[PDB]
Ligand SMILES: *[C@@H]1O[C@H](CO)[C@@H](O[C@@H]2O[C@H](CO)[C@@H](O[C@@H]3O[C@H](CO[C@H]4O[C@H](CO)[C@@H](O)[C@H](O[C@H]5O[C@H](CO)[C@@H](O)[C@H](O)[C@@H]5O[C@H]5O[C@H](CO)[C@@H](O)[C@H](O)[C@@H]5O)[C@@H]4O)[C@@H](O)[C@H](O[C@H]4O[C@H](CO)[C@@H](O)[C@H](O)[C@@H]4O[C@H]4O[C@H](CO)[C@@H](O)[C@H](O)[C@@H]4O)[C@@H]3O)[C@H](O)[C@H]2NC(C)=O)[C@H](O)[C@H]1NC(C)=O
Ligand SMILES: COc1cc(C(=O)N2C[C@@H]3[C@H](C2)[C@H]2CN(C(=O)c4ccc5[nH]nnc5c4)C[C@@H]32)cc2ccccc12
Ligand SMILES: COc1cc(C(=O)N2C[C@@H]3[C@H](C2)[C@H]2CN(C(=O)c4ccc5[nH]nnc5c4)C[C@@H]32)cc2ccccc12
Ligand SMILES: [Ca+2]
Ligand SMILES: [Ca+2]
Ligand SMILES: [Ca+2]
Ligand SMILES: [Cl-]
Ligand code: NA
Ligand code: NA
Ligand SMILES: [Zn+2]
């Protein structure tokens, strides 16, 4: 109940929310049907429109007007934004040359440059180039400020998950807004676009920027605007708030535009109808910047122009129906559209079975436009599993397509020509970032970056300590003129042992064999040097990774590779090696096909054993440093050490072998040498974080050898490819992956074909940031480079997407 009989007189767009049944006058009161009776009359004035005209110049104040053109308007803070232009012979902000803003030029009594976040829904990255003719204000922010070619959204590329990730710096699995639609089984409650449940605070996890600011004594304008409040009124409200007394005035503000998303859904991302919405957004930006200029704030405020996601061409005729695959289609509930999430319609149905649903959806039609996954098998770069609101069964839908349960849902629920939600690496889903103001750099282009990073930067802009989040703080320091955040590298927690030769061959009873009893002070001295680390500078180029948790491990040196060998997990945490452009690929000699050799530096008790692999009819093994890339026949023996062995399903070995035999040499040829670091990952609870020993769900049969859920590789070279990877003077280039360690290749529909037809496509789908591997392994890479730490943080957040040009 709201007793709407109170009044909004002197309360219009009040910042504190008043408690029911007292009536509200804040920017969301309409959405609660809670506004006071006179809210429209007093707070949503429209008389005479939004622009001063020559005849209004110097008018007597009429309080009924939407905005004012009287002499007193500037000190009242309610002039129409074009007041000084029409009445005082000023220029529009857009017509002024840009001039570097070296320091904040703020009115007296501003404690810090305000931040204004101008968020645009569905603003695809290519609109910045493609719409530039019709967006001159935005084009001036972009060219004069700091801008990225694009900004990567989070998955799913839907409205609420992305706006809330912008506000919190968290992945959707962590903030809890995992879709535009959700069911939470613990709450037994549904979050829907239409309706009231979404207003309940319990859905919204983490700590969004307005709460971070308020907790730290920084006042915030309310971010949310009832849809019916026109944009001009939203802008005038923000400008009025900026004229509040110092003690009352917020330092952070947000504007939100439903465009261009609204029209993009109707007309497609590039429909002829899209020009007008783009023009109208630009005009709103112009009103804001003219308004700031009138208030002498246009060289004081930091402005961020940011989108939540892009927009793709999607039409009703491009819909896959689960009723074409499933017999039991009425026993499931689907969250449909540009992603699918499936659960049981009824928890009382004992015959529901996810395994049979997955199989019925796997590679059933030649051109099938979605792929099913249990959520723990989705690409780790999506970070889309660790939340009870994410259904166990997920469908990744091809760009341009929809999935639905039955045809009746599509023609009884064609209109739309655009949609979004797809994989956040898809070019059409990318969005925009521009930063303009005293704290941003001048005329600076920065590489693309992910929207999870921005919360930290907004905290930096406001002098706030960010709440714990998924950004890597410092990775965006290069956007900023000042207020950079200068972190220290994390401290290594475990120091390694450096074992020498400590065990005799006969102490090992591992069930391993190797034809290696085949035989010189010239070259016996040489093998000893290699085992003590004499080639380490060639193979460990960026220092050894630091172990950031408590464990027992050994550094093992070899001619061709160095490794950090875990006594707890019985295999390397990492193996590092460099392959030059000139390196040669050889085969595993016949006599060595089944060779596994005890490592006399590592106890039998801390070794794997061959007998366990023999007994495990499902599990085989592979090697982290590949014997194919051995530098010489003698060095090849090192590659068959039991300490270089890792458990691998035969299906996975197909992938791994092709990577090691073919692709590493291919990258070294293309990149002028590469340094590779490979290793296992254990994430049985799909939380994106390294498992402890007691979380491992699978072991090689009859042993304590844990089975990895994934295998990673980090492939680094010189950004200037005229220099070889091992003699690089400047910036680095990296690509990485986190391949799922699966007992079948059901994910790859063409896997019956030669690996040259499917493996590389699999690897691209499972592309990763170094930072993703760090989370998953508790390792910290690039400890010893000649590069600044911020530059290295940026390198660690880099994702190689394999998408053509934006
Ligand atoms: C991305 O960044 C984020 C933020 O840094 C990272 O997420 C953090 O990860 C931490 C480690 O997993 C985790 O720390 C835990 O906190 C528990 C207390 O949590 C509450 O309080 C905080 C602080 O205010 C709050 O943020 C939390 O909010 C979560 O939960 C509510 C729902 O209840 C949501 O509204 C909100 O969205 C958020 O949900 C997300 O995280 C939870 C996990 O907390 C997931 O379950 C959800 O799916 C969703 O992802 C909470 O309100 C604390 O209880 C934990 O401690 C237990 O476990 C450790 C492990 O040994 C141990 O030390 C403790 O003893 C304790 O164990 C006991 O309880 C166990 C569980 O019941 C039990 O099994 C044992 O037997 C023991 O009895 C833990 O320290 C932190 O909460 C989240 N924070 C957020 C915001 O998500 C994230 O990892 C980053 N991602 C990547 C890939 O790097
Ligand atoms: C400016 O910051 C914010 C503004 C806001 C905020 O005011 N809103 C108003 C609108 C939009 C953002 C939400 C989504 N929606 C829709 O009808 C909608 C829109 C586009 C769609 N495309 N496809 N399906 C769609 C469904 C209703 C809400 C909400 C926020 C929520 C969290 C964090 C920040 C927010
Ligand atoms: C977004 O994050 C939070 C939001 C809140 C919080 O005040 N909430 C949660 C809901 C609503 C009020 C905001 C607005 N929005 C809407 O859907 C919306 C926006 C404009 C509209 N016009 N017409 N209909 C509309 C619907 C989504 C957000 C409280 C929180 C409390 C703690 C942590 C986070 C919170
Ligand atoms: Ca949207
Ligand atoms: Ca076996
Ligand atoms: Ca884990
Ligand atoms: Cl959704
Ligand atoms: Na032997
Ligand atoms: Na297959
Ligand atoms: Zn949309």
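So for chain A, numbering is Swiss-Prot's, and the shown residues are 51-463, 468-573, 576-591, 617-887, in order.
Heads up, header says this was done by X-ray crystallography, 1.7 Å.
Every residue, even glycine, has its Cβ placed from backbone N, Cα and C.
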Same 1-tetradecanoyl-sn-glycerol 3-phosphate site per Swiss-Prot - residue from 128, 311, 403, 545 joining 209, 230, 474:
311
Which is it, of 519-540, 854-875, that Swiss-Prot names as region 'Required for secretion'?
854-875
Length in angstrom of the chain break flanked by residue 573 and residue 576 (2 residues not modelled, CA to CA):
10
Would you list, in sequence order, the recorded positions among 58, 209, 359, 676, 768, 830 whose CA lies within 10 Å of the CA of residue 474 (1-(9Z-octadecenoyl)-sn-glycero-3-phosphate binding site)?
209, 359
Just the recorded positions from 107, 123, 230, 358, 566, 772 whose C-beta lies under 6 Å from any atom of ligand 7, please, or none if there are none.
230
Between residue 831 (N-linked glycosylation site) and residue 359 (Zn(2+) 1 binding site), find the distance joining the two CA atoms and give it rounded to the nearest Å.
31
Could you state the whole-number distance in Å separating the C-alpha atoms of residue 359 (Zn(2+) 1 binding site) and residue 311 (1-(9Z-octadecenoyl)-sn-glycero-3-phosphate binding site)?
9
Hey, which of the binding-site residues 311, 764, 768 is the loneliest by Cβ count within 10 Å?
768
Measure from each Cβ of the recorded positions 130, 137, 194, 311, 566 to the atoms of ligand 10 and list the residues where some distance is under 6 Å.
311
Excluding 764, 766, 768, 770, 772 themselves, which residues in that chain have a Cβ inside 8 Å of the centre of the Cβ atoms defining the Ca(2+) site?
436, 763, 765, 767, 769, 771, 776, 857
